[PDB]
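Comments concern the structure below.
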Amino acid sequence: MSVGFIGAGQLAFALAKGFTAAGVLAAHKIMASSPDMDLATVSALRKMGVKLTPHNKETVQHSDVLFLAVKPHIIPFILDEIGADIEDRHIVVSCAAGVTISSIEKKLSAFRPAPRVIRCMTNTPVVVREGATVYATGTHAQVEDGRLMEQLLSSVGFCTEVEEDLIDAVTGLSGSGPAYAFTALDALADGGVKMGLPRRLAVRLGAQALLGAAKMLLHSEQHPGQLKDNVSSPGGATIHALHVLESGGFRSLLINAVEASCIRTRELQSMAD
Amino acid sequence: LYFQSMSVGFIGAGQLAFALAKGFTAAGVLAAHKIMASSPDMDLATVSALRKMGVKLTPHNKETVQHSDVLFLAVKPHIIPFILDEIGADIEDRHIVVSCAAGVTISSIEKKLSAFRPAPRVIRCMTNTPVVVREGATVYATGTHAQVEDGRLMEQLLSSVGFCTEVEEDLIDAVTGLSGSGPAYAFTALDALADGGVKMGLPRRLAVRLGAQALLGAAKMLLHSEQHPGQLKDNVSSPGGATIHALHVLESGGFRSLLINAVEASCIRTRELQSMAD
Amino acid sequence: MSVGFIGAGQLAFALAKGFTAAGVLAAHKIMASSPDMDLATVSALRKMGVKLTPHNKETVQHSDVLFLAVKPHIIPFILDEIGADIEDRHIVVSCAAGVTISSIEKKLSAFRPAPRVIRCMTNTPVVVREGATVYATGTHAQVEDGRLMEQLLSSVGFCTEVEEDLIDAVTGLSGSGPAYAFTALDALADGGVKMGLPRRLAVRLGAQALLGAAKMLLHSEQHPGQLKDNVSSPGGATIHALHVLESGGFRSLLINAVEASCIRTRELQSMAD
Amino acid sequence: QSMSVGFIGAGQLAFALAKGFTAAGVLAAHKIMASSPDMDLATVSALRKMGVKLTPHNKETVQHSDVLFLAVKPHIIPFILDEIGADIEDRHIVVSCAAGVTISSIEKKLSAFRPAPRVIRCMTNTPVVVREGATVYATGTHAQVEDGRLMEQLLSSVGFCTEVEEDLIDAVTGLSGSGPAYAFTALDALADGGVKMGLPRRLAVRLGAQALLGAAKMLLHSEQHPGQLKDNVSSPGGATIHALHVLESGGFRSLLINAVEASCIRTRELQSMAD
Amino acid sequence: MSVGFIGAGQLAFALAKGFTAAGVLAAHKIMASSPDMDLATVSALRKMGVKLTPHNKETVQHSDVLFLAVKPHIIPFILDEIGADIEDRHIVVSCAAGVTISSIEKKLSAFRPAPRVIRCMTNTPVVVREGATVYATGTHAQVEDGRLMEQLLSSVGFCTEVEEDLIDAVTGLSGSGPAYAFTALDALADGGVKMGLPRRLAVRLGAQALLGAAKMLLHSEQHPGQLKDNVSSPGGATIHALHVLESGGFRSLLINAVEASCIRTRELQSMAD
């Protein structure tokens, strides 16, 4: 099969890199179109063997599965330009936050009546094949379309189907999640440096700590609170550190973050059409 | 390149007219007698400094228009319906109208001016006070009838007094919150840093000089580096050392969030000032 | 003259880069010694033409002005190894925070009675010739030694003589200052991105704003509060933003920072000998 | 001169202005009449001993006066205007002091009786009682140029006075109108601090008040920024800069900004509930 | 009567300007000495008629009343330099914060047995003859020395005698008080600017409000809370603003400030008591 990306930003590069590393797609079977070719993300795709074109219509013509990896306010303008080029064979996969299946279908249906649309919510760690992806199937998506989507996106991380009304919440959790983690790792490294560690060692140790804890929880049947209890000895170093996290309302900040990202995603739809 | 040797007008003769006139003349791109400025008040301290530079001053806005090729405006959104109605009939084909006021849209200016002449050449500008030392930060957006050469002329002029680049107009409110109000954040920070130096035993004049030099050098480092500001911060902080201890107390007060709050508050206020126009 | 650096970290690279760019020293007249040659700072000095040796004694033998650009707990061990190699011609310039002139003189005087010692407090922007440096002259420094120091360090930024008892405070202000600025610029860029700017433009605009404001104050006779008053129009965008800075105690945080860095510098001496 | 002044209202403001005017020698007390619906006010007993004429009838105050101060609460202004509108004559200058009451609203109500009422809006404060007030005024549609000059001559005798555009007066209210209350609070607290550190209360109050007065006078007589004067008096490592740090840590500056804003906004709200 | 200042900083200028403006001293009967009088005060004192000398001993020889207006850590060095030049006629007035009478007397008594010492705490508004001054008389001060001190300092503001153990508290209140006021006036002006006033008008109105309020309290028999009650009408603008001051703990900040200045003054004791 052939896969196309409209918009060659970070997410286009990340998925192409993940897909080729997974070995589920050859790089030459992938075409990306970017309105800005000076992007550093575009310089790397050329080395991979991915095809680059400045014309979105060319990507549509080359592709069977069409990822719309552009910003939510750019989604409408793409559909106007390529709507006459959508054929029965196409599955249109929109990745932009907030942009609804209904809005995509309504725009494309002005050209052909039953566009096959899937909405996707993925994140940048697909580039190391540890992404987290959910998807929802549109009105005219055949049941085999969602199965195809899941097989493709499972090659670069976790993937599962959700009702479309959960995708804004997923955006606040696993969509924005990596940025919460990068912030946390920068700060944990600052803490290690304050207590005497070289910066490079501190970044390495903090990232390994987060990776290992996450893997433990994914492979465990236990509650995260039970795993937390297992780290701490009575009167020990860890429980003293957990107290100062609690005193600052650490948990509440992370709840605030998921909520703020989810709510903003809904506002990015309230300004669309 | 572009051969200038033209006439520039300012409607308004406050801090920005002074800053730009001082920057332009110091750059050697404009002679002071080619600049005219009009202010509704001739008792401003900026009046005296412009006179001594040799800039022409008038109480008559129409005179500034008749003098000028490039016309800078510095009037709030709720005073715009007054100035534009006063000078609209004096606008000629030669004029480029450059609006610098926050929250005044190109659409608003073009609509009012088109009542007099069909295709006014309008550019919207967002600059800051450090143009006075030729290190300003300026962005501009071109209007409907601006010729391509008008934008190039604007960029060449404002590049003589700092950084300048073209943006889409819908970014200008955000630029206002960042580099427009930015120098005020820096002056506040420099006052506080000097207070800290004085608390720890430094004479005030030395503390002001050291703090300002620290900020200038760090900003130049980032502009000349291809590294992330977090990497430059990492490079300065030895393990267990003085700097990382100081960075912790900044973090404990939410220092980063205050600066985000500031950019947001300035940007939002600029939008509220647009809502007061029409 | 010949200049040597014991310790090839960031500050050694920064001063060598600044000195050669200033044209006051040829790169081959500079020798640096590093106990860790895998440092990325050492990879760049070789390209400049600077001489690199693993042996501190070799740097002492090559040099007239000897910069001790190592950490404060490493200062004593260097003096033991090189003390027998110090000659009448040497000016020893210590850059480590907290390490006192008296402690350096006492260690070196076990070998030769009148070591010429200068204490320096500089910062990383010497690499772009906009550093801020203070220095204090030791017991046996000839008056021409401080004049020489000032001429050399003025080529890479501001430089002035201070009493040694001000250097801890200078460390908290201009020594750590650049890190306060890098933090501020990261956050201002985050604010610009939140309000819709691309990240690269936001970093550029914020850095130019800080550079221009700093230059204004350096070239002005006016108080920073007067320059602040000139930015704000009544009821305008800037004064609204200044209010939210004040509500968070912005000024107090920067005072806290200078104080915390200064106090820590004194503790780095209280643990020395 | 022959000028007669009237106060509709005999509260703190009428007393403060009458005391300041007579102390300044610009008005004899028998040329001042004040009316109030409540004669038991301690301010009325003090006006009586000053030699000011007191009457329960607002109409009598109007007939006596050339310059008529409306020194009453904002929600009372529209009631005074209906009662006295027919008694306004050509010679009258009506000076409204109520926060949030616009010139337009006063002119609209008085024009129902006579077409060109001479109206001035005033924002002054209580320190006029010691002739150190801070006053601004804006002139109305039919105010003659001599009316503003007369007003400024009168109010300059009891403090600072300058003309402003009317749209600045709500902000002035939050700054110099309410400002004396911010200062009284600050002086109470500074005295508490002096007492905590061992000073007798009476001495602490005197020293704090003298410190505030002298500092304000220094600023008014210097051409320097307040930040420069702050710099000039803070020696390195010294007691003052240590105290300034603890003010900054509490957001001292922001509290005062909050106060001016809150008073200004409330003045505008008082206008929204009128007419 | 001749008056001398050892020190030519802010305070010496303020007292000289106030004394000359009061007409209690001819300017030519005042001498001031400083090793580095780089301030424009050297030109202002000359235009004023004050005699200027770089030698502290010439000031002593010129003067009957000798003001020591230097920093607390500088006092012991002055007393060592001029101690042998003190005569029976001299009254030594120390203005330095925290420096005790007993420490000054012990220093000077090494030269002559009964030095006449007064300790003073004044503030900069003496420059506009509205200072706040307290003084304590030392062991050998003649009863007429205190009277002379009070007559002199009353010409430039409020002045009263206190027990010496109150002077550190006075320092935190009226000594540092003008700086609290300057900070407050800067912020009040910022508030006026936020609400639409031009900066120059905002500064003028805020300063006049403070001056008038302070004068009301000085001339009133009433408690400051009663004067506050008198200005706030029910439901009105002022009481709304006082609420937001209270919500921020405004009163406690000013208490904190007086306490912090007083405590720091107790730490500035240089010499042995």
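All Cβ positions, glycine included, derive from the backbone under ideal geometry; neighbour counts span all protein chains shown. Since every read-out is calculated from the coordinates, none of them should be taken as a lab result.
Summary table below
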quantity: Filter result for D:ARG121 (part of a loop (DSSP other than H, G, I, E, B) and free of Cβ contacts under 8 Å to residues at least 60 places away in the same chain); calculated: no
quantity: Any hit, the stretch B:128-150, residues being of a type in the set (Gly, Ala, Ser) and facing another protein chain (nearest Cβ under 10 Å); calculated: yes
quantity: Residue among A:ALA207, A:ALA169, A:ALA141 that alone is in contact (Cβ under 8 Å) with a residue 12 or more places away in the chain, among the hydrophobic types (A, V, I, L, M, F, W, C) and part of a loop (DSSP other than H, G, I, E, B); calculated: A:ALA141
quantity: Positions within the stretch D:84-110 being over 20 Å from D:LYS73 (Cβ atoms), assigned to a loop (DSSP other than H, G, I, E, B) and in contact with a helix residue (DSSP H, G or I) (Cβ under 9 Å, 6 or more places away or on another chain), in sequence order; calculated: D:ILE88, D:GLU89, D:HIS92
quantity: Pairs with Cβ under 7 Å, 6+ apart, first in the stretch C:20-49 and at positive phi, second in a helix (DSSP H, G or I) and surrounded by 15 or more Cβ atoms within 10 Å (Cβ to Cβ); calculated: C:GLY49/C:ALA27
quantity: Scan of the stretch E:78-101 for residues that are surrounded by 16 or more Cβ atoms within 10 Å (Cβ to Cβ) and either more than 18 Å from the chain's Cα centre (by Cα) or without any contact (Cβ under 8 Å) to a residue 12 or more places away in the chain (or both), ordered by number; calculated: E:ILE78, E:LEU79, E:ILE82, E:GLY83, E:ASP85, E:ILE86, E:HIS90, E:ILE91
quantity: Residue in the stretch B:151-169 that is more than 19 Å from B:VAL133 (Cβ to Cβ), out of contact with any strand residue (DSSP E or B) (no Cβ under 6 Å at 6 or more places or on another chain) and of a type in the set (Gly, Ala, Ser) present; calculated: no
quantity: Total residues in the stretch A:144-166, condition within 14 Å of A:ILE91 (Cβ to Cβ) and part of a strand (DSSP E or B); calculated: 0
quantity: Residue in the stretch D:34-45 that is within 14 Å of chain E (Cβ to nearest Cβ), outside any loop (DSSP other than H, G, I, E, B) and surrounded by 15 or more Cβ atoms within 10 Å (Cβ to Cβ) present; calculated: yes
quantity: Every residue from the stretch D:198-227 that is of a type in the set (S, T, N, Q) and more than 7 Å from every other protein chain (Cβ to nearest Cβ); calculated: D:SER222, D:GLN224
quantity: Residue in the stretch D:180-187 that is in contact with a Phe, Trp or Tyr (Cβ under 6 Å, 6 or more places away or on another chain) and closer than 27 Å to D:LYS19 by Cβ present; calculated: no
quantity: Complete set of residues in the stretch B:166-179 that are of a type in the set (S, T, N, Q) and either touching a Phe, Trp or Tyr at 6+ places or on another chain (Cβ under 9 Å) or under 21 Å from C:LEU217 (Cβ atoms) (or both); calculated: B:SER179
quantity: Any hit, the stretch A:185-197, residues being in contact with an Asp or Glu (Cβ under 7 Å, 6 or more places away or on another chain), part of a helix (DSSP H, G or I), within 13 Å of another protein chain (Cβ to nearest Cβ) and surrounded by 15 or more Cβ atoms within 10 Å (Cβ to Cβ); calculated: no
quantity: Test: residue in the stretch E:96-113 that is under 25 Å from E:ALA22 (Cα atoms) and more than 14 Å from every other protein chain (Cβ to nearest Cβ); calculated: no
quantity: Residue in the stretch C:16-26 that is surrounded by fewer than 24 Cβ atoms within 10 Å (Cβ to Cβ), over 20 Å from the mean Cα position of the chain (by Cα) and outside any helix (DSSP H, G or I) present; calculated: yes
quantity: Unmet requirement for B:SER114, which otherwise passes all of (1) touching a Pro at 6+ places or on another chain (Cβ under 8 Å); (2) surrounded by 23 or more Cβ atoms within 10 Å (Cβ to Cβ); (3) hydroxyl-bearing (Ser, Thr, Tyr); calculated: (2)
quantity: Number of the condition not met by C:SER43 [criteria: (1) within 28 Å of C:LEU268 (Cα to Cα); (2) over 19 Å from the mean Cα position of the chain (by Cα)]; calculated: (1)
quantity: Checking C:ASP165 against (1) more than 15 Å from the chain's Cα centre (by Cα); (2) at the interface with chain B (Cβ under 7 Å from one of its Cβ atoms), the condition it does not meet; calculated: (2)
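Rundown of residues vs (1) of a type in the set (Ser, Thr, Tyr); (2) surrounded by 24 or more Cβ atoms within 10 Å (Cβ to Cβ), yes/no style:
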site	(1), (2)
C:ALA202	no, yes
C:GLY206	no, yes
C:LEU211	no, yes
C:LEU218	no, no
C:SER232	yes, no
C:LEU254	no, yes
C:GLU259	no, no
C:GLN269	no, no
